[PDB]
Each structure stands twice: as C-alpha cells, then as structure tokens.
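Following: one structure in structure tokens, then a few remarks.
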There are 2 protein chains.
Amino acid sequence: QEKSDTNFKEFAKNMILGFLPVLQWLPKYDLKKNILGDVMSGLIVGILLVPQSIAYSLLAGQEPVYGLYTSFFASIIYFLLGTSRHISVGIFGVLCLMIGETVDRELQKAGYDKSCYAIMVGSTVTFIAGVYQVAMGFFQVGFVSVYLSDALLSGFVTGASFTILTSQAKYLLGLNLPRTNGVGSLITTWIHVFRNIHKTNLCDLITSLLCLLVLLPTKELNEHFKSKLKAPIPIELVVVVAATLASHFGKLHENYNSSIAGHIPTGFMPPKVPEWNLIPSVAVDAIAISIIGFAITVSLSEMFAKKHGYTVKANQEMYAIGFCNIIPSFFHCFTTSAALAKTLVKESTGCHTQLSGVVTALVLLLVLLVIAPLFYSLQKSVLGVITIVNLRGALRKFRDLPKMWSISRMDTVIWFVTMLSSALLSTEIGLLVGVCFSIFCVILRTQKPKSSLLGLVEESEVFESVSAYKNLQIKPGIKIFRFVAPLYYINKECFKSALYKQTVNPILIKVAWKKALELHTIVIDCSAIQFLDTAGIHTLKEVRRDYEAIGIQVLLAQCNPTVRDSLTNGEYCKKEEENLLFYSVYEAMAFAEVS
Amino acid sequence: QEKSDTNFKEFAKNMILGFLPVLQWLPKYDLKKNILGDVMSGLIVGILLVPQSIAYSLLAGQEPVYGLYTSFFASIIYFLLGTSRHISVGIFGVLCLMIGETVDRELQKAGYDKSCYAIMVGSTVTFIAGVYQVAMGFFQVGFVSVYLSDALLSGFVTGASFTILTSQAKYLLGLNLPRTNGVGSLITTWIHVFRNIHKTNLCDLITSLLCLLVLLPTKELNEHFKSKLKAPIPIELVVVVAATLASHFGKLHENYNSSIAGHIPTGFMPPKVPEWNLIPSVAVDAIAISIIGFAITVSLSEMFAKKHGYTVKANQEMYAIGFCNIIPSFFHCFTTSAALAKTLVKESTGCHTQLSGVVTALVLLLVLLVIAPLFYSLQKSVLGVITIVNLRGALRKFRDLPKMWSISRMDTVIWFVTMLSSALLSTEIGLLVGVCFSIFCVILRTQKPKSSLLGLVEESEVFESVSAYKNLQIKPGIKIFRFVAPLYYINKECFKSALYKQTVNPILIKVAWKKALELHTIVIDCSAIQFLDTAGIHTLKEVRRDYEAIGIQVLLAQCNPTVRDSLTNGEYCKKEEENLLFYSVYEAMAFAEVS
C-alpha cells in the first residue's frame, strides 16, 4: 500500500617551509612578550632536566655521560625540525628500559671493553630505529599508530613502571646481582634479592631512607600547593647537591663500601660510525621501540596542539623523531621520544614558543663542559630514589580506572590485562598481548549481540525495542525482529537461534506437522546490520526458505545501500521480479496488514 | 515540538539415551525398506574404501597394514556412539599429511626399528588428540569451531591438496629423496626432484602413465554420467587388481627395479599401550589436528542432518570423534575424521540408516584376514596415481571462487591468501595465517566506513542517503549526517575527518574568526552506531564542545538503548537536565525547524 519508491543513482618553497620549520617563526618573534616566559621556562626545565638524564642513562647500563649527549642532541635537533610548540623531546624511561634489556642481552651473549661495547649496540639500534622511522615517514603510511588505543598505553606504562621499580632495587641496597633478564624478569629478580638479602649495607640503606624521607613529602606538597609557590620548587637538585657534598667532605667510600659513579670524562669525543655488522641481529627491537616512540610523540603533540590554537601535521612530526635517532646516532647516543612530566612543567610556566628547547640544550652545555670534576663520589643510591620517587603518575593511575569500571566495563579488562602482562612477562610481549587482545575484544563484542521484538510507539512512526521499554502496542502476529550486529560468520548461529527462540521454530513445527496458527508475517528490521559476508546471505536465504514452508512470509525492512547491493548482486537471493524489500519498517507493517 | 516520550523499563536414562545411541533405533528397524539399500550402500563404499585406506596409510610413512586397523576401528566405533546418519568417519587425507609430517619430524630427530617407531608417535599423538577432544567435550565449550569460516576451510583443503600432489612425486618416478620437511617444503621438494631428475626408471613411468590414462577419463565420465549407470562404477579396484596381476605373473621386480611393499602380516596383533614419555614433546600437534577434525566433522554432520529431516546434537557428536581417537589409539592406529567423497557416494545410493558403517567395517574383516598373501608385488606407483587422480574436487574449486569474486570481493582474498600460505609454508602455519587474517579483515572492514548526508523522501518520514539516491529534498542548512560503523578507537579519526569534510570545519573557522553563515543545526543520525568505547564518548563530546563555539548546535538522533545507557552513565556527556537526544530523526528535524 502506497509503496514509496525512490530512484537509484547512476555512476618547491612550500616543501622547504614544511621540512625546516625554523624559517617560519624566527623572522617575526614579536619580542614584547615572547622572550621572558620562554627563557625562564627553559632554565626551569633545564634545572629539572640535569638530574633526570644521569639517572636514566645509569638505568640503561652505561655511564652517566652518554645520556647528556642524548638529551643535548635531542633538544638541539628538534628546534630545526619540529613543528609542534610544547613537547620537549627528552628521555622516556620505558625506552631506557628497552634499551637496557637489549644491550644487556647482547652484551651477555656476544661479549662473554664493557663501557665501550655498551655504546655500540645502543647507537646501532637507535640508528636503525631512526631508519625505520624515516622509512615509515617516506612511505607516508602512519596507519599503524591508530591500532594502539589509549586504554592500552596507559596500562603498558604502568607495567613498565613496575619493572623500573623492581630493577632499581639493587641500587637501593647496594648488592651484586647477576643479569636475571628474560621472561620472568620481575619474579626472578625479586627472589634473587630475597634469597641474597643478608648482605645489604648500612650505608646504602641509611642514605636511601633519609633521602626518600626528604623527597616524598616535599613532592607530595609540591603536587597541589602551586598557588603561593608559582614555579615548581626544585628539591631534586637540592637533595642531589646536598648528597654529593656529604659523600666528599665526609669520606663515604673508604669508611664504608657504597657504590660510586665512574669518573666522568671531559666530553665531546670525536664521532664514530655505528657497527654495521650488528644490524641483522638487532632489527627486531627497532620495531619494538620505534612504534611506541612514534605513537606517544604524535599523541602528545596533538593533545597540546589544539589546546593553544594552532595546527600541526603528521608527515613532518614523523621526520623530526626520525632524524632525532639518526644524527645523534653517530655521536654515542640512544633513542629519544616525547616528554610527559617535562612538557607539563614546561607549559605550566611561560613557554610562548619553541626556543625554550634551545635553552634546554644550552644549560646542558655548561653541565657537559665544566662540571666534569664534580659529580664524583655521589652514591648510586641517590639516583635510585630519584628515579623511584619520580613515578607518581604511573602509580596514581591505580586510583582512577579500577573506579572507572562504570564507563566502559571492557576497557578496564584490557587495561588490567595489559598491565599484568607487561609487569610479569616483558615489555615487548606485554605490548603485543595488549594489542592482540584489544583487537580480539571487538569481535568478542560482535559475538553474542542483542535482539528484541519492536512494537509501535503510540501515534507516530517510530519503533523502539520492547525488551527495554514500557507499554507499546504490538499487533497480534506481525512480530518484528531487530538484530544489532554485522551478521557475517561468527554470529550466524546466534542470529538463527535468537530468531527461532523469539518467534516460532520452523523445523520443529515442520516435523510435528509431518508426523500428523498465528504469526503470519515476520518483519526482520535489518537497519543495524552494516555489512554481510557470504554466510550472511546464505543464512538470510535459509530463513526465508524455511519460513516459507510452514506458511508465513519474511520481508526485510530498511537495509543500507551496500546490503541492498550485496543481496541482489549476491547469489540471487531475493530479487528478480518481486517486491520483498522495503524502505521503512512502518511501510512493511502497512503492507503486511493488507495481507 | 510534540516530543514523543516513552518510558524506560525497570529491572538418568535420558543420559544413556544420549551417550549410547545404538539403543534408540535398533529395537524398531522397520525392515520393509531399511535393509537392502543400506546393505548395498555398505558393500559399495566398502569396495571403494579398500583401495583408499592402503594409499592413505602409505602416505603417512607407515606400512599399508595399520590403516586397515584405523578404518576398521573407526567404522565400528561410530556405530556405538554417533548420533548422525550419513557421515561415515573414515580417513581424511589432510590428517594423513599432518601425521606424516609429525612422525617424520620425530623419527628424524630422536631416532637417528623404523616400522615400529613409526607407530608409537602416531598412536601417542592420536591418543592425546582424543584426550583433548574429550576434554573439550566435557567442558561443553565448542566455541572454538565457530572462528573457522567456510571460505577458510575451502582454501586450506586446496593448499594441503597441492602439498599432497607434490609429496606424491617420488612414487610417480621411483626415486630416493631425503626428508625435505619444514617451512619451504613444496619448493625444496620440487627443486630436489628437478636437480635429481636424471635417475628415473622406465618401469615407474610407463605403468604410471598407463594407469593414469585408464583412470582419469573413466573418472571424468563417471562424474556426470550417473543416469544410465546408477551405481558409481568401481574402476579403482579394477585397475588395482589389473596392476597386481601383471607385476606377479610378469616378474616386475627382478627384471626391473620398481618399488614393492611386501611383508603385510595377517593382522590383529596383541594391543600395546602408547608411549607416555613422548607426550610433552608432541602436544602442539594434537591442537593442530583435533580442531580441524572436530570442525570438519560437525559441519559435515549438520549439513546432512537437516537435509533428511532429523536432529543432531553437539555435546555427543564431539564425544564420538573423541573416543574414535582413544580406543583405537591402544590398537596401533592414527587419527580419523569425517568423509567428503565417501559420504556423498554413500548417501547417493541406498543409505537408510547407520548400519551401513558396520558393513563398512565388516567387508574390511575379510580384507584383514584372508587377503594377506595377496597384495604383494604391487607397485608403489599405482597407489601414487590412485591418491593423485582422487583430487578432483579440491582442484575443481579453482573454477568457481575466482569467478565468484562478485558476491563477496573480500572472501576471495581470504581464500586465496589461505591457499597460498598453506601450499607454500605448511599446514599448521597456513591455518593460523588464515584464521588470524580472517579475524583481522573484519576490523579492516570497520575502518574506513561509509558516510553521507541524508535528506527527506518526499511526503513520508523516511531518510535515505543522498550519495547513492536521486532527487530528495534537503533543507538549506539542517544538514544531517549518518555513520555506519561502531566508532570505538580505530575510526575516531575517520569520523572526525568525515564530519569536518561534509559539513563545515570548526577549528579553521574559529581561527579565521579570531584573526578578525548558514547551517545552524547538525543532526547526527547515530542509528547504525551499535556500541561505543571510551574514546567514542570522548569524540562525541568533542564534536559538541567544538561546534557549540561557532554558534551551531548538535543533537543525536536515534541511538540504541545501550548507546543511550553509555552516554548518560558515561562520563557525564550530554544529559543532566537537557533534552539533546531524540527518538526519531524526523522529530529532530521538526524540533530544529522551530529554532
């Protein structure tokens, strides 16, 4: 009755401006209020970046000298390539952990100097990771970073933070543990500590607890008392200078036996080519670090790009972190990526342009040239509690998402499985388990979908489900049915079983008829079925061929253009010279009422 | 205007009859027309099952005696447990290939008798595969067999058929090749043949070509001339008896040097316990064979169950193939599963009940007891062309699905990738690549979805897309928008970019406004968005917070009950004391027209 029929439809300086973005803000600086907040931000984050680089470089197994070349070349190389404004690419601790695992595995395998073979592997893997980044940037692909969610990175970071807390337990007591690195790394290292426990010092426990007692309440105050104290108070450099000038005026290496940092050379040695022969044995870890560095840096650039009102790209933001692993790779460095704490404390004070990074470079220079005879005779336990107490965020995350179970109910499971599988197993296998599980969970969400009868809406033409709404009039039998899943091959059985349960069953009624009623029309509302496979059109043909036997008819309701393509172009299913497919479900009710 | 508001809704003999199904058809046989077609079918498939069992048992590396125990115990054990009627569980050639690979790998590793150590590994892996089957049946799980599609098995079968055709090239020429088994098995075996080619016989090529010349046109006639010749004509036993009674009356082992499988003892040796110490090194191949045997047997039972008008179960069909690998596992056998050719030639003639299988057992008994001195002095090349020319179906499949590219366009890619990755690499890695690729392809289908404006339908209340339909009236600006994907985290960027491209862009217009119009309502039709993640409600909040800045408003249209749950229960997004969510999109047009 009044079948509404529509009609189908028939069938080069612009590059230099991109690549070298120092030449698009430097000729107009607008120095009225562009300098002072920027310079103060640069000195503040430089003061708060001195004690972090030595600690992170000590975490990777090397001496705390090469981390200064790492952070310095990283801060000076982003000023010439980066298109963001508030990122400050420095050192990310999870990258230091992965680099430490790789250089420890290769030094344990192929070695048996130590201090110079701990640089060849790191520089080579950072060089080839940058080669991978510039190849992924020259192909302009970037499609891999969208498969990493944001309830997956926030579990991987917490798992790697547990691994950092475990691997900084030797320096908190001053023991000599073997290289226990592999698949059960946290459990084996903790049982190695608790077996070999009755050998700890009385010098590497008193200064550790005293420095923790100074650090942790002061950071707890500094986190939420920023009103009367505008700049963040640098207690880290204060306790480092106070600990160095006790263990050198007080002779804390002969009277006791605490660990003491190397010697620290002048700096800026002649550059060296990385070892080409170690390339094919290490190019499974460049994949491991390049993807996560690229993902974290593009997410943390775009999150701060639209907050201040400008635009950033993605074919150039890849190249800056690409060459950040290329040109410093010829200068005894390791991998770098974006910041989390440093960029927030950078943007919180001043920070009107990119030139802060240059000052972030520049104050390192003094540190790298005239502070070589100092920073001797400081403990390796002060740096341990420095890189321990600076883990407030990745363990503050436990307070929120196990109480934000109410929003998602299925991202909490992904987050907790990724955290558990990255603290216990490793960092690479943990990230792989997280990615594959978050991919599998959407097809688990497709399987077992919802279904219900529909019914009317009392004097309009809307149809909403009767399993979750109050009194709606239903016709005696023109029973409607609605499926909210794609219906491809995983859930052909769920669709068949749900349709046979809500309405009557065809085969049982056919058997009891042959051994020797109401509901004379079923209207499948296929508005939500948003593609369909080969088995999809097979089971939609099967329900019609079964239901036509008893004496009832089946007619679909408001399919998409592509489903209506794949039905007629599909096998032959339901259209040669018949109507049997409608445009609105209320029209199907009006037709089936005419009988 | 007249906001249609509904109201939300507040919140033991029955087991023996299953397990032992010989006791539910045997007391009433109805012998008027239940015997004769059944018995003739049993003798016909027994005659056509004698030459196949020796060939398949020779494919697995063992003597052609243990295959007779395999098929006999398989046919006699399903009569006591099986609930189907037309399956006839015999020997599946891909199972013989996987068993051959496993016993060849273990015999090459741990060995260096050969004929008795080629039974311990096969019997042990079939025993533990049956243990896996009865464990998967006692847990009543069965959810794994739905992840295997039907455009995936039909590529895996063709890839394993290429591997059978390659691995039966030694016996087609009579050479001595080493065990070239691994990851590049087909390529290495073909290059080993074509390097070592100038050593073939003149006896193992003349009888091979002569027997192929007899077999292949006769099977080509027998495939589509079944009218005047009702029963399938058994030319296989005819050419086997004609080839045996040439190479024993004609002395074809002294005058030439062709291969001949002698020995062949009477049979029914005392039973032996399988080797328990080889359990933990082989339980990665029981997973490989149990899943595919269970999948093929449940699919081929249900495909023939509803064709004749009865019902079958799934908690009992698992147990029959479970114990088919348990009780014959103590009697020097290997794995069995359902039939494809044998069940079609069984059901095509006679076949009124299950008792055909007993005759399928019974005619083996004569073969296993008094045909021991015969079946000596037959070539190993006749059995080669027997198991070659019986591959008509799995290579006839190349004519259909590369011309059924028009139905699916994405199952052809899955099928071809599975065939290519199972012919070249292996059978296990090929099946794994097929399963993981078919899982990944549905989330590739979610990514890059369709979008369009809607427009009216000219004097009704339907809305269909304007990118694929002819003239529909559109309001000047109340531009509608429709998304047909779940919108979780993979395609937040596609949704944001498509909405910013079809309608106006918020951020660019805000920038040009701040440097110093039409479309005063966007109605997102979210009828097809069938769940949403945390990032989903984040980007749906972000589009409202952006669009509210310029001076236009955004209101969603006809979400599901679960999306309307996850919006309000979600963060706070859009409902405390506001309307901002409708029930039908035409009502949203009527509201936005009032302005």
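Chain B is numbered as in Swiss-Prot; shown residues: 59-69, 85-185, 213-616, 644-722, in order.
Per the header of the entry, the method used was electron microscopy, 3.7 Å.
Using the three backbone atoms N, Cα and C, a Cβ is placed for every residue, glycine included.
These come from Swiss-Prot:
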TRANSMEM  B:112-132  transmembrane segment
TRANSMEM  B:137-157  transmembrane segment
TRANSMEM  B:219-239  transmembrane segment
TRANSMEM  B:242-262  transmembrane segment
CARBOHYD  B:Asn357  N-linked glycosylation site
TRANSMEM  B:378-398  transmembrane segment
TRANSMEM  B:420-440  transmembrane segment
TRANSMEM  B:455-475  transmembrane segment
TRANSMEM  B:524-544  transmembrane segment
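27 residues are missing from the deposited coordinates between B:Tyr185 and B:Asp213, whose CA atoms sit 11 angstrom from each other. Other Cβ atoms within 10 Å of the Cβ of B:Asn357 (N-linked glycosylation site), summed over all protein chains shown, number 13. With Cβ pairs under 8 Å as the measure, the transmembrane segment (B:219-239) is packed most heavily against B:378-398, out of B:112-132, B:137-157, B:378-398, B:455-475, B:524-544. Secondary structure at B:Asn357 (N-linked glycosylation site), as computed by DSSP, is coil.
Residues B:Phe69 and B:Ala85 bracket an unmodelled region of 15 residues, and their Cα atoms lie at a distance of 37 Å.
Counting Cβ pairs closer than 8 Å and at least 6 residues apart in sequence, the transmembrane segment (B:112-132) and the transmembrane segment (B:455-475) reach three or more and so form a contact. Put simply, of B:378-398, B:420-440, B:455-475, the stretch with the most CB pairs closer than 8 A to the transmembrane segment (B:242-262) is B:378-398. Taking residue pairs at least 6 apart in sequence, the transmembrane segment (B:524-544) and the transmembrane segment (B:137-157) share fewer than three C-beta contacts under 8 angstroms. Packing against the transmembrane segment (B:420-440) from elsewhere in the chain are residues 133, 139, 142-144, 146-147, 150-151, 154-156, 160-165, 168-169, 172, 219, 222-227, 229-231, 233-234, 237, 369, 371-374, 389-390, 392-394, 396-397, 400-401, 446, 493: each is 6 or more residues past its ends and has a CB under 8 Å from a CB in it. Away from its own ends, the transmembrane segment (B:455-475) comes close to residues 111-112, 114-116, 118-120, 122-123, 126-127, 137, 141-142, 144-145, 148-149, 151-152, 161, 163, 344, 364-368, 446 of its chain (Cβ-Cβ under 8 Å, at least six residues beyond either end).
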